[PDB]
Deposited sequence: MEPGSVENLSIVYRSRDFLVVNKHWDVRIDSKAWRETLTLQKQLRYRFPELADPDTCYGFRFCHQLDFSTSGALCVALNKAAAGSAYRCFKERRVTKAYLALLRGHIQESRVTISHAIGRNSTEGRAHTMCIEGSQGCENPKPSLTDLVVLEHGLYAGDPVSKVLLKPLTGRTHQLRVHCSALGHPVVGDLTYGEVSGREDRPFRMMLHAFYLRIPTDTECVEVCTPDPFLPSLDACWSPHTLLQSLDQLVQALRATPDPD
């Protein structure tokens, strides 16, 4: 609930070689994540990125050998990631494969960087695949929303936000890819969280499953009413899934 501050940094994994933070929503990597890290641990190599408005799992390598190892997993597409989100509307399908290709917007890129293939001025579409599993239906601040688990198999910029918006179920509080009628200026944050991260490096399998922030005990505007799938069970399936070839 509280806004990002330099003194509050949540660590979810710490080894000799890696550190995984639970990045706060509306905090930039490059108030930044670097300053929070400097405050808590008076050289940090980010193994990957996480958007400003997104919270969650962000892996930092603490030495040159650890960075190189992690850089290899990402460049060879051997990393597993999953996210949680609160999306607009009740999604009636239990699972959705979202495969529309994502390109860069040439019409109004400044306001909405990315777009779906086929949309006006969409250029250089790239491979895209997001697996969406519906966890629950409920109301967010009295409006119908779906709590979902998202597993991207590709790394397009703003992929999850573009894909969910393209289905007609944008992320709640998404100021870029939400609809005008959605009044996305009203939620306290954008409801997208990097939940699960597995980086199978040569020396260490950095694997984290952060706490779930989209719970009625933490945000009283979220009122779940129908359970479709169990997140605990889906986390057991995530953990057992082989690393991508």
*Deposited sequence positions missing from the model - stretches, numbered from 1, in order*: 31-37, 50-58
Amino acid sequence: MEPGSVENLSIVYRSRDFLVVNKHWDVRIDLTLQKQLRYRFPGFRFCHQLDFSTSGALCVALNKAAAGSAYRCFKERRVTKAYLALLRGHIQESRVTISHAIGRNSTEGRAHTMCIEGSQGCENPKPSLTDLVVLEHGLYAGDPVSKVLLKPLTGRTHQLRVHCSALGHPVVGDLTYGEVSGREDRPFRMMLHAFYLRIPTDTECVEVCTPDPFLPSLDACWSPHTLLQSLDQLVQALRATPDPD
From here on, numbers count along this sequence of modelled residues.
_Comparing average C-alpha B factors as deposited, tell me which of 56-64 and 192-200 sits higher._
56-64
*Mind pulling up the entry and telling me whether 117-125 or 131-139 has the higher mean Cα temperature factor?*
117-125
_Between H163, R110, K81, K147, which one tops the list for Cα B-factor in this entry?_
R110
*What third of its chain's C-alpha B-factors does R14 belong to: lowest, middle or highest?*
middle
*Of the three thirds of its chain by CA temperature factor, lowest, middle or highest, which one includes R88?*
lowest
*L227, C-alpha B-factor rank within chain (lowest, middle or highest third)*: highest
*What third of its chain's C-alpha B-factors does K75 belong to: lowest, middle or highest?*
highest
*Ranked by Cα temperature factor within the chain, is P42 in the lowest third, the middle third or the highest third?*
highest
